[PDB]
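Notes follow the structure.
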Amino acid sequence: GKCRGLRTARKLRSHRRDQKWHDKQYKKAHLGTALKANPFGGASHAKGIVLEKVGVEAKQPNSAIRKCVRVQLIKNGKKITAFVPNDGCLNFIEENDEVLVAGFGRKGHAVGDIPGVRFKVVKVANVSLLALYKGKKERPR
Amino acid sequence: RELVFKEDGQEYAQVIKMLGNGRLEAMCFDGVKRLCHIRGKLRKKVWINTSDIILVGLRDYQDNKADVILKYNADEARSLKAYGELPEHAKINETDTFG
Amino acid sequence: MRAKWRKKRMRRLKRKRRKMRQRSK
Amino acid sequence: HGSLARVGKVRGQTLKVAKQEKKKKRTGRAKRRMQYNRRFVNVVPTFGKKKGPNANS
Amino acid sequence: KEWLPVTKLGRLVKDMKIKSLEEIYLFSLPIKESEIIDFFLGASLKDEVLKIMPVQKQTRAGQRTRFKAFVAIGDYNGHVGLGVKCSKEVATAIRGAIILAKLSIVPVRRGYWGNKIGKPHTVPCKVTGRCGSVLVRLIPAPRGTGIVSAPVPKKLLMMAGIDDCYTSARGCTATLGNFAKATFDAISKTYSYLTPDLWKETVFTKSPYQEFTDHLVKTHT
RNA sequence: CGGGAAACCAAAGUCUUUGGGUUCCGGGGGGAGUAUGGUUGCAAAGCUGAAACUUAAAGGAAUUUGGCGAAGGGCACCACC
RNA sequence: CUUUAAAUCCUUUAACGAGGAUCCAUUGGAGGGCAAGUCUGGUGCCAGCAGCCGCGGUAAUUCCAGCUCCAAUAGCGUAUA
Numbered sequence: 002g003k004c005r006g007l008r009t010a011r012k013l014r015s016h017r018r019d020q021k022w023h024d025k026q027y028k029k030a031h032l033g034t035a036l037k038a039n040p041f042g043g044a045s046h047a048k049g050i051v052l053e054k055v056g057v058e059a060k061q062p063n064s065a066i067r068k069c070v071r072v073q074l075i076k077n078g079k080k081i082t083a084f085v086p087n088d089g090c091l092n093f094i095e096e097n098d099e100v101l102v103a104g105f106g107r108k109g110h111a112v113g114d115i116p117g118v119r120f121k122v123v124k125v126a127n128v129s130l131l132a133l134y135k136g137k138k139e140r141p142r
Numbered sequence: 024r025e026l027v028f029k030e031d032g033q034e035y036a037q038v039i040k041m042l043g044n045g046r047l048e049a050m051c052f053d054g055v056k057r058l059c060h061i062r063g064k065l066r067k068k069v070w071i072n073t074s075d076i077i078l079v080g081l082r083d084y085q086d087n088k089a090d091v092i093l094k095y096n097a098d099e100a101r102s103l104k105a106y107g108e109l110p111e112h113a114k115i116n117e118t119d120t121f122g
Numbered sequence: 001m002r003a004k005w006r007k008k009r010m011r012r013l014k015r016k017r018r019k020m021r022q023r024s025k
Numbered sequence: 076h077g078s079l080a081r082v083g084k085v086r087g088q089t090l091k092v093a094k095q096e097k098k099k100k101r102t103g104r105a106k107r108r109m110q111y112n113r114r115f116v117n118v119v120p121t122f123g124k125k126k127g128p129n130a131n132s
Numbered sequence: 058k059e060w061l062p063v064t065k066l067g068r069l070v071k072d073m074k075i076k077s078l079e080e081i082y083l084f085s086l087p088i089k090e091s092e093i094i095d096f097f098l099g100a101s102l103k104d105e106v107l108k109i110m111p112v113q114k115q116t117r118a119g120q121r122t123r124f125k126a127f128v129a130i131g132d133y134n135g136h137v138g139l140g141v142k143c144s145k146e147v148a149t150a151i152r153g154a155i156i157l158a159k160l161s162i163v164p165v166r167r168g169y170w171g172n173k174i175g176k177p178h179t180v181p182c183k184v185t186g187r188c189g190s191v192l193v194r195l196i197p198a199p200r201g202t203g204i205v206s207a208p209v210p211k212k213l214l215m216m217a218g219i220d221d222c223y224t225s226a227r228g229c230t231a232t233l234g235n236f237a238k239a240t241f242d243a244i245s246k247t248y249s250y251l252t253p254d255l256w257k258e259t260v261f262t263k264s265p266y267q268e269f270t271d272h273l274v275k276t277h278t
């Protein structure tokens, strides 16, 4: 504290108000631009339809082909890319199918060596990928 | 040493223009221009030059990106052209290592 | 590049952009 | 080989090893009794470094 | 396995005419033989290794590596120490660190929280240690609270005999050497604090040298 | 004396033993002093001043082998005269 | 039998009701943070794992399976404020 007086409270309150506004994490949650630019719209999960199965590549140190999918949303129609999580689950996803899309867990940031992804696939055709991986549910037709 | 052939999903291609960022575009022998990729075993060990015969892998869900497997030298490319796995009208243009 | 000539380049780009906007009336 | 973009290849070409018919592990209160006995009853005074519970040297 | 004392303090200790190390601490005499303490503090003196941090110095060909071992020693109802030694391999580093930890042990005093009933359990005052950027503060706690801290000052405080304490650290405490030396400085600064509990004017007794110098001149040169 | 991460500082000290009065100002790096709006100027331009997106580093102090088309001393017919 | 507007639920109480007491406890994880195999087979910077460091290049303590072990326990893991 700099202004240390007995009847100095509105100066301290206003100064801390502007210095609280002059931040990054608090300013991200108190402006509508970050929420409107977010394709989820402040939601935890989201639905969408598969357009095509793409393959993106890793970064400089490690070399692999991380296989993803291009999904366009239900609620607004934004076009995102989502990473199919586990091994060999790209057979379970076909084109023009409903998927449930969630984040990675770094609050809208790229995770690991995959560039540009912020989303991952939890369910396809209203059945979970874990049951399909473990041979517990079958894809209806 | 050996003469590896194609497979049910693997084909042949010829490099057209050398590209940056560890990628290239190659002319497949079907009339389709495909953006290939350099294999991670080929990123520093061996080099790929313009207008060379290479073995290329494919994707079964899209045909926009591809990936190079191996590279053929001059004598084995001529031998495989003589066998018939390559078209006769394909110009190999005598790709070789100079001195 | 160093900051001085980058700032000069960005000044020139801003002048060209302002001229194009004022001629795009 | 086949292709570089073959999905799920290592899950599909690995050998299948069947499960083994094992005894039912007791769960609940007596499992804590077994844990307490094996940790703080059958302890032997050793020297140097104590090996782990999964130390399969 | 035989003690040949080089200093006269070691000969005075070995000949069994001193009572405790408390008079040695009262007269602030330097201790340069590590096993005078082993003569005084017996099986109650236990040590635990804190961290082995490898360091490197680059040379003509490659980097010459060395291991620095931290160890803390002390009986559980009194004195506590800390020693650092860096050498080529690990075993002699640990041995040298144990020797330097036995060489430099400091006494502790313990106070009370409010009501002075029974044995003391907590830090008598708000002591503070400072080395590097690590700022370690020790605060008295009520009975039965327990040492609430990071694990390294926790194990150092159970080793030092303090049962109940409140701590609050600040700075880059990830570096274990600065953290351990700062909390050791905080513990060791406990007698160096004047309270009205001991405002009475002290009496000066005779030094051991001037009262056993007849024994020294009769025994050695 | 004392402080600091150190270089250092008689102030950059009297700071976990934390409060003499008071103004301005910074919350990882880039985008970026950028776009738009206002305002000032004949003009060049000044003041105020974001966001989308992207990254796990960008940085400060100091010690030995590193190389100097850096300096000061010595040596070699695998260097020269 | 009791409860209740009448039931159902709980409590009481007849008769049947378990030995590998098949009347079968799952969810994550085992390099560090962070508790817990330098075990055995398969792929060989491919498939994949990985919140962060990082792990895979034809001897993987990190992938895919088996055995053992570890954390909580009718509960456990993931995503967002």
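So the sequences go chain by chain: Y, A, n, f and D. As numbered in the deposited numbering, residues 2 to 142 make up the first sequence, in order. As numbered in the deposited numbering, residues 24 to 122 make up the second sequence, in order. As numbered in the deposited numbering, residues 1 to 25 make up the third sequence, in order. As numbered in the deposited numbering, residues 76 to 132 make up the fourth sequence, in order. As numbered in the deposited numbering, residues 58 to 278 make up the fifth sequence, in order. Even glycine gets a Cβ: it sits at the ideal position worked out from N, Cα and C.
At 4 residues or longer, what runs of the alpha helix (DSSP H) sit wholly inside the stretch 206-240 of chain D? 208-217
Is DSSP giving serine 15 (chain Y) helix, strand or coil here? helix
Beta-carbon proximity list for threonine 73 (chain A), same chain, < 8 Å, skipping 5 on both sides: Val38, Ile39, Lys40 and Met41
Enclosing beta strand (DSSP E) for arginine 2 (chain n) [first to last residue]: Segment: none, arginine 2 (chain n) is in no beta strand (DSSP E) and carries neither H nor E.
Taking only beta-carbon atoms, is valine 82 (chain f) less than 8 Å away from chain Y? yes
So, helix, strand or coil for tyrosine 35 (chain A), using DSSP? strand
Can you give me the C-alpha to C-alpha distance between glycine 67 (chain D) and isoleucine 93 (chain D), rounded to a whole angstrom? 7 Å
Secondary structure of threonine 202 (chain D), DSSP reduced to three states: coil
Going straight from the alpha carbon of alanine 113 (chain A) to that of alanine 80 (chain f), what length do you get? Within the model, the alpha-carbon separation for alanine 113 (chain A) versus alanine 80 (chain f) is close to 27 Å.
Pick helix, strand or coil for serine 132 (chain f), following the three-state DSSP scheme. coil
Does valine 85 (chain Y) have its Cβ less than 8 Å from a Cβ in chain A? Residue-level contact by beta carbon fails for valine 85 (chain Y) and chain A, as no gap is shorter than 8 Å.
What residues from chain A crowd round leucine 79 (chain f), counting only those whose CB sits closer than 8 Å? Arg62, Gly80, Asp90 and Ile92
CB of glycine 131 (chain D) within 8 Å of CB of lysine 142 (chain D), strictly: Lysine 142 (chain D) is positioned such that its CB atom lies no closer than 8 Å to that of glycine 131 (chain D).
Measuring alpha carbon to alpha carbon, tell me which of A:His60, A:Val55 and A:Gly32 ends up nearest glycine 43 (chain A). A:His60
Tell me, please, whether the CB atom of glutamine 85 (chain A) is closer than 8 Å to any CB atom in chain Y? True, the Cβ-Cβ gap to chain Y drops below 8 Å.
Examine chain A for any beta-carbon lying closer than 8 Å to the beta-carbon of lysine 60 (chain Y), and answer yes or no. no
Residues that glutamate 34 (chain A) contacts on chain f, provided the C-beta gap is smaller than 9 Å: Ordered by position in chain f, no residue passes the 9 Å Cβ test against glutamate 34 (chain A), which lies about 11 Å from the chain.
With DSSP as the reference, label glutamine 73 (chain Y) as helix, strand or coil. DSSP places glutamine 73 (chain Y) within a strand segment (E or B) once states are collapsed to three.
Taking C-alpha atoms, which residue in D:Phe261, D:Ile156 and D:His178 lies nearest to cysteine 222 (chain D)? D:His178
List the endpoints of the continuous alpha helix (DSSP H) containing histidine 272 (chain D). 270-276
Candidates Y:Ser15, Y:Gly6, Y:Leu133 and Y:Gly49, of which the one nearest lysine 79 (chain Y) by Cα: Among Y:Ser15, Y:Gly6, Y:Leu133 and Y:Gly49, the Cα nearest to that of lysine 79 (chain Y) belongs to Y:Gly49.
What residue from D:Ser161, D:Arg166 and D:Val184 has the CA that sits closest to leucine 255 (chain D)'s CA? D:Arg166
Would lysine 25 (chain Y) and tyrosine 84 (chain A) qualify as a contact pair, given that the criterion is a beta-carbon distance under 8 Å? no
What does the Cβ neighbour count give for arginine 119 (chain Y), buried or exposed, with the cut at 16 atoms within 10 Å? Of the residues assessed, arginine 119 (chain Y) falls on the buried side of the cut-off, its CB having 16 or more other CB atoms within 10 angstroms.
Quick one: any contact between the stretch 88-102 of chain f and the stretch 98-113 of chain A, if contact means 3 or more CB pairs under 8 Å? no
Proximal chain A residues relative to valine 55 (chain Y), where beta-carbon distance stays under 9 Å: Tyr84, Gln85, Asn87 and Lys88
Residues from the stretch 76-105 of chain Y in contact with chain f, defined by Cβ distance under 8 Å: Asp88, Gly89, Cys90, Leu91 and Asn92
Same chain only: Cβ atoms within 8 Å of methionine 216 (chain D), ignoring 5 sequence neighbours per side: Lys103, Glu105, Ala129, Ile130, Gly131, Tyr133 and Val137
Would the stretch 66-73 of chain Y and the stretch 81-91 of chain Y be scored as touching if the rule is three or more Cβ pairs under 8 Å? Taking one beta carbon from each stretch, the stretch 66-73 of chain Y and the stretch 81-91 of chain Y have 3 or more pairs nearer than 8 Å; the two touch.
Please list, in chain order, the chain f residues whose beta carbon lies closer than 7 Å to that of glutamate 30 (chain A). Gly77
Figure out for me which residue from A:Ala49, A:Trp70, A:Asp90 and A:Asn96 has the closest Cα to the Cα of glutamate 25 (chain A). Nearest C-alpha to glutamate 25 (chain A): A:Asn96.
In chain f, what lies closer than 7 Å to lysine 135 (chain Y) by C-beta? Ordered by position in chain f, no residue passes the 7 Å Cβ test against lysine 135 (chain Y), which lies about 12 Å from the chain.
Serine 64 (chain Y) CB to nearest chain A CB: under 8 Å? yes
Spell out whether any CB of chain f is found under 8 Å from the CB atom of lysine 68 (chain Y). So, interface residue.
Rounded to a whole number of angstroms, what is the C-alpha to C-alpha distance between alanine 3 (chain n) and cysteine 188 (chain D)? In this structure, the straight-line span from the alpha carbon of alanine 3 (chain n) to that of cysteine 188 (chain D) is close to 40 Å.
Let me see if you follow: with CB-CB separation under 8 Å, is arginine 86 (chain f) close to chain Y or not? yes
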